[PDB]
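To start, the structure itself, in structure tokens.
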Amino acid sequence: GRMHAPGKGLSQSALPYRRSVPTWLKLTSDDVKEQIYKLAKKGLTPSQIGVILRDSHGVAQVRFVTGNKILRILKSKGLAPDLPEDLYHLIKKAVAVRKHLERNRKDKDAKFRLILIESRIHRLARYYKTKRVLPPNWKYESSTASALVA
Amino acid sequence: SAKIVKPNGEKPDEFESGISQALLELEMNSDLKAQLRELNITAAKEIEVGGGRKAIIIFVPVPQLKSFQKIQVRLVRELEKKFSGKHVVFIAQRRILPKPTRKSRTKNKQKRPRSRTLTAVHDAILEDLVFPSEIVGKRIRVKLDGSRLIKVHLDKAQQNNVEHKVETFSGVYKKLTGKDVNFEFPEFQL
Amino acid sequence: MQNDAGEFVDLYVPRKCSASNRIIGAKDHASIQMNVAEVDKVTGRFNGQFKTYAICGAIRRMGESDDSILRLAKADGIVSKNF
Amino acid sequence: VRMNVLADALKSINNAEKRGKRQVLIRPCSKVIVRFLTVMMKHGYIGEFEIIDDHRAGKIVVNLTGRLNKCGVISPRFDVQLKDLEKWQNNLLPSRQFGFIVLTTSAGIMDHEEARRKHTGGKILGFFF
Amino acid sequence: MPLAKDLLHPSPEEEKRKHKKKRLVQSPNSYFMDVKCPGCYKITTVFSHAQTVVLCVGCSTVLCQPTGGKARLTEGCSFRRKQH
RNA sequence: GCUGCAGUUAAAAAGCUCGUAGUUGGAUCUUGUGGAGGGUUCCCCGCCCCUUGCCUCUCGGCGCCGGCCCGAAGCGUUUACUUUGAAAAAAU
């Protein structure tokens with residue numbers, strides 16, 4: 001079930017058994033890497049590169065054409081960001097609710113939902129700090145949070 | 001030079017120098033001169049199959065094999081035409097490293113890659129034999145005596161390229177790994 | 001049941017259900033024994049020869065005896081492995 | 001969440017045997033499940049079985065013969081020594097004449113009668129009769 | 001389900017009816033197709049559950065629009081699946 | 001009540017949700033032929049790929065007409081588990 005809601009829905013992707021590239025695909029490994037390097041200059045995060053490539057080109061799974069996952073391809077050229085994808089989007093969501101509560105102090109539902117976002121930031125940062133993606137002295141703060149996404 | 005097969009001390013054998021001569025002389029005609037370049041064949045053998053006939057196995061080094069498969073559809077058809085009624089397969093020169101935990105010397109200074117495990121090598125050898133066709137799925141049957149059989153499903157397109165060689169695939173995989181395999185076609189596939 | 005001299009010591013050996021391989025008890029009054037006629041292959045007529053099955057009372061009351069008798073009659077030659 | 005896979009496999013067989021079904025599907029598969037099934041099959045309590053590859057841990061289909069009264073798991077994998085094995089078979093078995101405890105030992109997964117011939121102790125996995 | 005149906009050989013009409021994650025082995029319902037338009041005729045490839053508003057190499061303003069399920073084509077000349 | 005109890009109505013589930021310590025945590029990384037004891041395939045030797053996994057010294061006996069071999073040692077990533085040795089008053 002979901003970690004902070006009573007729901008237990010089932011929707012997700014389902015990959016095929018066959019890992020091979022199909023015979024009709026015209027692209028090749030190093031031309032797929034150059035298209036990844038061009039899309040990264042526009043500020044697109046790794047999750048957005050994979051949908052642009054799936055929708056408008058033949059590549060269903062980049063990992064099956066090129067033997068690497070696309071965050072590794074960007075890191076080996078220094079093109080990847082420092083703060084990771086999901087922790088960036090969680091911190092960007094918490095500053096929007098805090099801008100609401102400064103003028104709407106009667107909104108007790110918004111007060112409750114902010115506890116459930118910031119406790120999910122603390123759980124994900126504690127994971128990245130043990131795997132050396134973040135400094136041991138890294139800390140989310142309710143005053144500093146606006147400066148993390150500028 | 002000729003006699004390209006095997007490490008020092010093993011090289012002079014008549015059969016294996018014969019197959020490697022028959023490979024390296026074929027670059028001299030104008031068609032395969034466009035696409036062969038004296039590329040290494042590491043070994044070859046001639047082996048018995050269940051009908052009382054014979055077949056040959058050719059061993060190719062890993063960084064060369066991605067180029068051999070791109071021309072194998074003509075190159076094996078020329079070799080199966082030239083030899084005396086034989087069947088041919090190309091396979092990779094894979095190495096297995098031993099289990100580090102209490103079955104080898106081990107230390108922190110180098111780690112065994114999972115690409116060098118026995119399981120990752122034996123299930124890659126199965127893909128080389130069938131090459132003109134693609135594996136659609138596997139099943140394993142355990143018998144009342146405690147033995148195993150593997151059932152392999154092959155794609156329904158390209159039947160004409162492999163149906164006459166399933167009887168050599170079982171005998172070759174038996175002699176490369178010690179295991180019984182059957183090759184079959186699906187009822188339907190999604 | 002046998003002893004170390006190899007002789008048998010049960011009162012009787014009870015029957016088992018043909019569909020299910022479980023023992024039919026002395027008070028299972030919902031259970032049955034079915035009996036079915038064989039016919040000669042030249043003229044389709046009764047020769048006095050027959051086949052038999054026994055069915056558990058628990059399988060009858062859940063409604064599974066009709067399909068069990070059919071599977072048994074296809075496993076023997078009677079329904080001839082086509083339908 | 002799913003804390004233990006062997007307990008699912010045996011509970012799934014045990015519910016199918018009591019309904020009188022002729023086959024059952026076990027998912028996820030494991031190296032421990034395939035070795036436990038093999039010990040029941042070698043003693044004659046189940047039929048033969050087949051494994052399906054799906055690239056995600058796999059599945060098993062098993063054939064049932066109607067002979068099995070029960071199979072089960074002891075959840076903490078307690079250690080046992082040869083002097084204490086008598087107390088466990090006095091607790092868990094229906095008679096001295098039939099039924100088996102299953103142990104894991106450094107000589108392999110095995111029947112509690114084989115552990116006495118091999119002079120070895122181990123950890124408890126489960127039982128059948 | 002009767003007492004005795006075998007589980008190793010589902011018919012293709014038993015398998016096509018059930019959810020993608022609950023089949024005997026998993027497989028997607030989505031597909032790739034090749035698409036073509038009037039005025040400029042360079043053929044292009046599209047995914048049937050697209051989220052992007054696709055623009056063709058022929059520079060027309062919309063090839064297809066996104067939707068809560070399958071994307072809908074702008075009356076293009078092909079909806080033909082690729083075979084594999 | 002560990003083995004081994006109970007909590008709809010007999011005694012008994014915090015009004016509801018978050019959360020640090022504590023307890024618990026998914027799949028995966030080397031096998032069959034030959035010989036002895038015993039069977040009609042598996043437990044001890046030697047093998048498809050590694051069988052103590054390596055290695056080459058030097059103080060130190062062996063085998064033979066200097067040189068090449070076979071028992072120590074560096075040691076096998078660290079522990080629980082299990083089986084075996086040693087060492088623990090008498091009386092009860």
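Every chain in the structure tokens has a letter given in the order shown (A, B, ...), and although residue numbers restart at 1 in each chain, ligands are simply numbered from 1 in the order shown.
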Practice item. Please report, as a ChimeraX atom specification, each residue of chain D to which DSSP assigns alpha helix (DSSP H) when run on this structure's backbone. Key: /D:5-18,31-43,85-92,114-117
Export N, CA, C and O atoms of the chosen residues as a compact mmCIF listing (two decimals), in the first residue's frame?
```txt
# COMPACT_ATOMS: atom_id res chain seq x y z
N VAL D 5 9.39 -16.41 2.47
CA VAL D 5 8.78 -17.04 1.27
C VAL D 5 8.41 -18.51 1.45
O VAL D 5 7.44 -18.96 0.86
N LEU D 6 9.14 -19.29 2.27
CA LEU D 6 8.85 -20.72 2.46
C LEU D 6 7.51 -20.95 3.16
O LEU D 6 6.78 -21.88 2.81
N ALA D 7 7.11 -20.09 4.10
CA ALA D 7 5.81 -20.15 4.75
C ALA D 7 4.64 -19.96 3.77
O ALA D 7 3.63 -20.64 3.91
N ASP D 8 4.76 -19.10 2.75
CA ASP D 8 3.74 -18.96 1.70
C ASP D 8 3.61 -20.23 0.86
O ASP D 8 2.51 -20.69 0.61
N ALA D 9 4.74 -20.81 0.43
CA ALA D 9 4.74 -21.99 -0.42
C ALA D 9 4.00 -23.16 0.24
O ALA D 9 3.14 -23.77 -0.39
N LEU D 10 4.29 -23.45 1.50
CA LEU D 10 3.66 -24.56 2.21
C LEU D 10 2.19 -24.28 2.56
O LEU D 10 1.36 -25.16 2.39
N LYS D 11 1.81 -23.06 2.97
CA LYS D 11 0.40 -22.69 3.24
C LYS D 11 -0.46 -22.78 1.98
O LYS D 11 -1.59 -23.25 2.03
N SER D 12 0.09 -22.40 0.82
CA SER D 12 -0.56 -22.51 -0.48
C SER D 12 -0.80 -23.97 -0.91
O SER D 12 -1.91 -24.32 -1.30
N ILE D 13 0.18 -24.87 -0.75
CA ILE D 13 -0.01 -26.32 -0.98
C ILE D 13 -1.05 -26.89 -0.01
O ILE D 13 -1.94 -27.63 -0.42
N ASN D 14 -0.98 -26.54 1.27
CA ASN D 14 -1.85 -27.10 2.30
C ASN D 14 -3.33 -26.73 2.08
O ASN D 14 -4.20 -27.58 2.24
N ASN D 15 -3.65 -25.50 1.65
CA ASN D 15 -5.01 -25.11 1.30
C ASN D 15 -5.52 -25.80 0.01
O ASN D 15 -6.70 -26.14 -0.07
N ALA D 16 -4.67 -26.05 -0.98
CA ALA D 16 -5.04 -26.74 -2.22
C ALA D 16 -5.32 -28.24 -2.02
O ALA D 16 -6.28 -28.78 -2.56
N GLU D 17 -4.53 -28.92 -1.18
CA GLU D 17 -4.73 -30.32 -0.80
C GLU D 17 -6.09 -30.55 -0.11
O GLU D 17 -6.82 -31.47 -0.45
N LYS D 18 -6.48 -29.65 0.81
CA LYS D 18 -7.75 -29.72 1.55
C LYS D 18 -8.99 -29.47 0.69
O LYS D 18 -10.05 -30.02 1.00
N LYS D 31 15.64 -21.00 -4.18
CA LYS D 31 16.52 -22.17 -3.96
C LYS D 31 16.12 -23.02 -2.76
O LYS D 31 16.26 -24.24 -2.82
N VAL D 32 15.59 -22.42 -1.69
CA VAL D 32 15.13 -23.15 -0.49
C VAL D 32 13.86 -23.95 -0.77
O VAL D 32 13.76 -25.10 -0.35
N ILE D 33 12.92 -23.40 -1.53
CA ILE D 33 11.66 -24.08 -1.89
C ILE D 33 11.92 -25.29 -2.79
O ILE D 33 11.42 -26.37 -2.51
N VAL D 34 12.77 -25.17 -3.81
CA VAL D 34 13.09 -26.29 -4.72
C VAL D 34 13.75 -27.46 -3.97
O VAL D 34 13.44 -28.62 -4.23
N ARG D 35 14.63 -27.18 -3.00
CA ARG D 35 15.27 -28.21 -2.18
C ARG D 35 14.31 -28.84 -1.16
O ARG D 35 14.37 -30.06 -0.97
N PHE D 36 13.39 -28.09 -0.58
CA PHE D 36 12.35 -28.65 0.30
C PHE D 36 11.37 -29.56 -0.46
O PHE D 36 11.13 -30.68 -0.04
N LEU D 37 10.85 -29.13 -1.62
CA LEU D 37 9.95 -29.94 -2.46
C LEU D 37 10.60 -31.28 -2.84
O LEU D 37 9.96 -32.32 -2.76
N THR D 38 11.88 -31.26 -3.21
CA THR D 38 12.62 -32.46 -3.59
C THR D 38 12.63 -33.52 -2.48
O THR D 38 12.48 -34.70 -2.77
N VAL D 39 12.74 -33.14 -1.20
CA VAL D 39 12.70 -34.08 -0.06
C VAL D 39 11.32 -34.73 0.09
O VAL D 39 11.25 -35.94 0.30
N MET D 40 10.21 -33.99 -0.09
CA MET D 40 8.85 -34.58 -0.10
C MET D 40 8.63 -35.53 -1.28
O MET D 40 8.08 -36.61 -1.11
N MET D 41 9.09 -35.15 -2.47
CA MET D 41 8.98 -35.97 -3.68
C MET D 41 9.76 -37.29 -3.56
O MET D 41 9.20 -38.35 -3.82
N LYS D 42 11.01 -37.26 -3.08
CA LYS D 42 11.83 -38.47 -2.88
C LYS D 42 11.22 -39.49 -1.91
O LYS D 42 11.41 -40.69 -2.10
N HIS D 43 10.46 -39.04 -0.90
CA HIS D 43 9.74 -39.92 0.04
C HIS D 43 8.32 -40.31 -0.41
O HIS D 43 7.71 -41.16 0.23
N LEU D 85 17.19 -33.67 19.47
CA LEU D 85 16.32 -33.98 18.33
C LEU D 85 15.13 -34.89 18.70
O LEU D 85 14.05 -34.74 18.14
N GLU D 86 15.29 -35.78 19.68
CA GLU D 86 14.20 -36.63 20.21
C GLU D 86 13.01 -35.83 20.74
O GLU D 86 11.86 -36.21 20.51
N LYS D 87 13.25 -34.69 21.40
CA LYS D 87 12.21 -33.83 21.97
C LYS D 87 11.38 -33.17 20.86
O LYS D 87 10.17 -33.07 20.97
N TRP D 88 12.02 -32.77 19.76
CA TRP D 88 11.35 -32.16 18.61
C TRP D 88 10.48 -33.15 17.84
O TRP D 88 9.34 -32.82 17.49
N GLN D 89 10.94 -34.38 17.60
CA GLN D 89 10.11 -35.37 16.92
C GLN D 89 9.00 -35.94 17.82
O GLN D 89 7.94 -36.30 17.31
N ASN D 90 9.16 -35.94 19.14
CA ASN D 90 8.09 -36.22 20.10
C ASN D 90 6.98 -35.15 20.09
O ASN D 90 5.81 -35.48 20.19
N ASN D 91 7.34 -33.87 19.92
CA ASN D 91 6.38 -32.76 19.81
C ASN D 91 5.62 -32.73 18.47
O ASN D 91 4.41 -32.56 18.47
N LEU D 92 6.33 -32.83 17.33
CA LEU D 92 5.78 -32.47 16.02
C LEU D 92 5.17 -33.62 15.19
O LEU D 92 4.35 -33.35 14.32
N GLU D 114 18.32 -38.97 8.16
CA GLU D 114 19.62 -38.91 7.50
C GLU D 114 20.67 -38.17 8.34
O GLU D 114 21.83 -38.57 8.38
N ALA D 115 20.26 -37.14 9.09
CA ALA D 115 21.13 -36.40 9.99
C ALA D 115 21.77 -37.27 11.08
O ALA D 115 22.91 -37.02 11.47
N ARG D 116 21.09 -38.33 11.53
CA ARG D 116 21.65 -39.33 12.47
C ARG D 116 22.71 -40.23 11.83
O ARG D 116 23.75 -40.44 12.45
N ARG D 117 22.51 -40.70 10.60
CA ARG D 117 23.53 -41.46 9.84
C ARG D 117 24.78 -40.62 9.56
O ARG D 117 25.89 -41.09 9.75
```
Exercise for review: May I have the residues within 6 Å of region 27-33 of chain C as a PyMOL selection string, using only C-alpha atoms (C1' of nucleotides) and disregarding those fewer than 3 positions away in the same chain?
Suggested key: chain C and resi 53-57
If we count only C-alpha atoms (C1' of nucleotides), which residues of chain F reach to within 7 Å of chain B? Please list them as a PDB file with C-alpha atoms (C1' of nucleotides), in the first residue's frame.
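File written: part.pdb
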```
ATOM      1  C1'   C F  29      26.591 -15.594  -7.585  1.00  0.00           C
ATOM      2  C1'   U F  30      29.871 -24.232  -9.484  1.00  0.00           C
ATOM      3  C1'   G F  32      27.731 -35.170 -13.711  1.00  0.00           C
ATOM      4  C1'   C F  49      36.159 -24.783 -14.887  1.00  0.00           C
ATOM      5  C1'   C F  50      38.928 -24.169  -9.702  1.00  0.00           C
ATOM      6  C1'   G F  53      43.077 -21.458  -3.558  1.00  0.00           C
ATOM      7  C1'   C F  54      48.085 -19.626  -4.130  1.00  0.00           C
ATOM      8  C1'   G F  76      42.813 -19.020   3.057  1.00  0.00           C
ATOM      9  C1'   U F  77      37.025 -11.966   3.570  1.00  0.00           C
TER      10        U F  77
END
```
Exercise for review: Return as a PyMOL selection string the residues belonging to chain A that are within 10 Å of chain B, counting only C-alpha atoms.
Suggested key: chain A and resi 16-18+20
Point to revise | chain D contacts to chain E at 8 Å (only C-alpha atoms) as a VMD selection string | key: chain D and resid 20 to 25 54 61
Since we have the selection now, will you write its residues out, keeping N, CA, C and O atoms, as an mmCIF file, in the first residue's frame?
```
data_model
loop_
_atom_site.group_PDB
_atom_site.id
_atom_site.type_symbol
_atom_site.label_atom_id
_atom_site.label_comp_id
_atom_site.auth_asym_id
_atom_site.auth_seq_id
_atom_site.Cartn_x
_atom_site.Cartn_y
_atom_site.Cartn_z
ATOM 1 N N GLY D 20 -9.063 -30.566 -2.460
ATOM 2 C CA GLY D 20 -9.037 -31.681 -3.409
ATOM 3 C C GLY D 20 -8.551 -31.337 -4.820
ATOM 4 O O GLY D 20 -8.789 -32.115 -5.739
ATOM 5 N N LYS D 21 -7.892 -30.188 -5.023
ATOM 6 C CA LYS D 21 -7.357 -29.750 -6.325
ATOM 7 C C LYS D 21 -6.167 -30.619 -6.750
ATOM 8 O O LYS D 21 -5.399 -31.070 -5.905
ATOM 9 N N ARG D 22 -5.985 -30.847 -8.057
ATOM 10 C CA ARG D 22 -4.920 -31.720 -8.604
ATOM 11 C C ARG D 22 -3.582 -31.027 -8.902
ATOM 12 O O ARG D 22 -2.562 -31.701 -9.029
ATOM 13 N N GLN D 23 -3.566 -29.700 -8.986
ATOM 14 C CA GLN D 23 -2.376 -28.869 -9.190
ATOM 15 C C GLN D 23 -2.398 -27.615 -8.311
ATOM 16 O O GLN D 23 -3.454 -27.193 -7.838
ATOM 17 N N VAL D 24 -1.235 -26.992 -8.117
ATOM 18 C CA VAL D 24 -1.102 -25.702 -7.426
ATOM 19 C C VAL D 24 0.049 -24.879 -8.022
ATOM 20 O O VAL D 24 1.016 -25.443 -8.533
ATOM 21 N N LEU D 25 -0.059 -23.547 -7.967
ATOM 22 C CA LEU D 25 0.946 -22.587 -8.437
ATOM 23 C C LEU D 25 1.608 -21.860 -7.250
ATOM 24 O O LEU D 25 0.922 -21.245 -6.429
ATOM 25 N N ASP D 54 10.634 -16.170 -15.837
ATOM 26 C CA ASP D 54 9.964 -14.913 -16.195
ATOM 27 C C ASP D 54 10.857 -13.669 -16.023
ATOM 28 O O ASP D 54 10.363 -12.544 -16.091
ATOM 29 N N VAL D 61 4.885 -24.899 -10.772
ATOM 30 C CA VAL D 61 3.632 -25.676 -10.771
ATOM 31 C C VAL D 61 3.896 -27.103 -10.284
ATOM 32 O O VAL D 61 4.799 -27.773 -10.787
#
```
Give one line per residue of chain D that approaches chain C to at most 8 Å, naming the two atoms of the closest pair and their distance in Å to one decimal, counting only C-alpha atoms; sort by chain then ascending residue number and deliver it as a tab-separated table.
```
residue	atom	partner	partner_atom	distance
D:20	CA	C:20	CA	6.7
D:65	CA	C:21	CA	7.3
D:66	CA	C:21	CA	5.5
D:67	CA	C:21	CA	7.3
```
Which residues of chain A have any atom within 12 Å of an atom in chain F when counting only C-alpha atoms (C1' of nucleotides), and what is the closest pair of atoms for each, with the distance in Å to one decimal? Order the rows by chain and rising number and write it as CSV.
```
residue,atom,partner,partner_atom,distance
A:3,CA,F:18,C1',11.3
A:4,CA,F:18,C1',9.1
A:5,CA,F:17,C1',10.3
A:6,CA,F:17,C1',11.3
A:112,CA,F:17,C1',9.2
A:113,CA,F:18,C1',10.4
A:114,CA,F:18,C1',11.0
A:115,CA,F:18,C1',7.4
A:116,CA,F:18,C1',7.2
A:117,CA,F:18,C1',10.7
A:118,CA,F:18,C1',10.6
A:119,CA,F:18,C1',8.0
A:120,CA,F:18,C1',10.5
A:122,CA,F:19,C1',10.9
A:123,CA,F:19,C1',10.6
```
Which residues of chain B have any atom within 9 Å of an atom in chain E when counting only C-alpha atoms, and what is the closest pair of atoms for each, with the distance in Å to one decimal? Order the rows by chain and rising number and write it as a Markdown table.
```
| residue | atom | partner | partner_atom | distance |
| --- | --- | --- | --- | --- |
| B:187 | CA | E:12 | CA | 8.5 |
| B:188 | CA | E:12 | CA | 6.8 |
| B:189 | CA | E:12 | CA | 8.2 |
| B:190 | CA | E:27 | CA | 6.7 |
```
Contact check, chain A to chain E, at most 9 Å, counting only C-alpha atoms, closest pairs as JSON lines:
```
{"residue": "A:12", "atom": "CA", "partner": "E:21", "partner_atom": "CA", "distance": 8.8}
{"residue": "A:13", "atom": "CA", "partner": "E:28", "partner_atom": "CA", "distance": 7.8}
{"residue": "A:14", "atom": "CA", "partner": "E:28", "partner_atom": "CA", "distance": 5.6}
{"residue": "A:15", "atom": "CA", "partner": "E:27", "partner_atom": "CA", "distance": 6.4}
{"residue": "A:16", "atom": "CA", "partner": "E:27", "partner_atom": "CA", "distance": 4.9}
{"residue": "A:17", "atom": "CA", "partner": "E:26", "partner_atom": "CA", "distance": 7.2}
{"residue": "A:22", "atom": "CA", "partner": "E:84", "partner_atom": "CA", "distance": 6.4}
{"residue": "A:23", "atom": "CA", "partner": "E:84", "partner_atom": "CA", "distance": 8.1}
{"residue": "A:24", "atom": "CA", "partner": "E:82", "partner_atom": "CA", "distance": 8.3}
{"residue": "A:51", "atom": "CA", "partner": "E:51", "partner_atom": "CA", "distance": 7.8}
{"residue": "A:52", "atom": "CA", "partner": "E:52", "partner_atom": "CA", "distance": 7.2}
{"residue": "A:54", "atom": "CA", "partner": "E:47", "partner_atom": "CA", "distance": 7.0}
{"residue": "A:55", "atom": "CA", "partner": "E:47", "partner_atom": "CA", "distance": 5.3}
{"residue": "A:56", "atom": "CA", "partner": "E:46", "partner_atom": "CA", "distance": 5.9}
{"residue": "A:57", "atom": "CA", "partner": "E:45", "partner_atom": "CA", "distance": 6.2}
{"residue": "A:58", "atom": "CA", "partner": "E:45", "partner_atom": "CA", "distance": 6.4}
{"residue": "A:60", "atom": "CA", "partner": "E:32", "partner_atom": "CA", "distance": 8.9}
```
Export N, CA and C atoms of the chosen residues as a CSV table (one decimal), in the first residue's frame?
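As a result, part_21.csv now contains:
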```
chain,number,residue,atom,x,y,z
A,12,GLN,N,1.3,0.2,-12.8
A,12,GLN,CA,2.8,0.3,-13.0
A,12,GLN,C,3.1,-0.2,-14.5
A,13,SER,N,4.3,0.1,-15.0
A,13,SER,CA,4.8,-0.5,-16.2
A,13,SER,C,5.0,-2.0,-16.2
A,14,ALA,N,5.0,-2.7,-17.3
A,14,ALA,CA,5.3,-4.2,-17.4
A,14,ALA,C,6.2,-4.4,-18.6
A,15,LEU,N,7.5,-4.5,-18.4
A,15,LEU,CA,8.5,-4.8,-19.5
A,15,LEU,C,8.3,-6.2,-20.1
A,16,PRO,N,8.6,-6.4,-21.4
A,16,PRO,CA,8.5,-7.7,-22.1
A,16,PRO,C,9.7,-8.6,-21.7
A,17,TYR,N,9.5,-9.9,-21.9
A,17,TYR,CA,10.6,-10.9,-21.6
A,17,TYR,C,11.8,-10.7,-22.5
A,22,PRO,N,14.9,-4.4,-31.6
A,22,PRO,CA,14.1,-4.9,-32.7
A,22,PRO,C,14.8,-4.5,-34.0
A,23,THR,N,14.6,-5.3,-35.1
A,23,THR,CA,15.4,-5.2,-36.4
A,23,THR,C,15.0,-3.9,-37.1
A,24,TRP,N,13.9,-3.3,-36.9
A,24,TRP,CA,13.4,-2.0,-37.5
A,24,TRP,C,14.1,-0.8,-37.0
A,51,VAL,N,11.0,9.8,-21.7
A,51,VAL,CA,9.7,10.0,-22.3
A,51,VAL,C,9.8,10.7,-23.7
A,52,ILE,N,10.6,11.7,-23.9
A,52,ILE,CA,10.9,12.3,-25.2
A,52,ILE,C,11.4,11.3,-26.2
A,54,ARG,N,11.1,7.8,-25.9
A,54,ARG,CA,10.0,6.8,-26.2
A,54,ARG,C,8.9,7.3,-27.1
A,55,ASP,N,8.4,8.5,-26.9
A,55,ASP,CA,7.3,9.0,-27.7
A,55,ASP,C,7.6,9.4,-29.1
A,56,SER,N,8.8,10.0,-29.4
A,56,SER,CA,9.1,10.6,-30.7
A,56,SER,C,10.2,9.9,-31.5
A,57,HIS,N,10.8,8.9,-31.0
A,57,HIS,CA,11.9,8.1,-31.6
A,57,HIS,C,11.6,6.6,-31.4
A,58,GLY,N,12.4,5.7,-31.9
A,58,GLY,CA,12.1,4.2,-31.8
A,58,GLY,C,12.5,3.6,-30.5
A,60,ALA,N,12.5,2.2,-27.0
A,60,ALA,CA,11.6,1.8,-26.0
A,60,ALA,C,12.2,1.7,-24.6
```
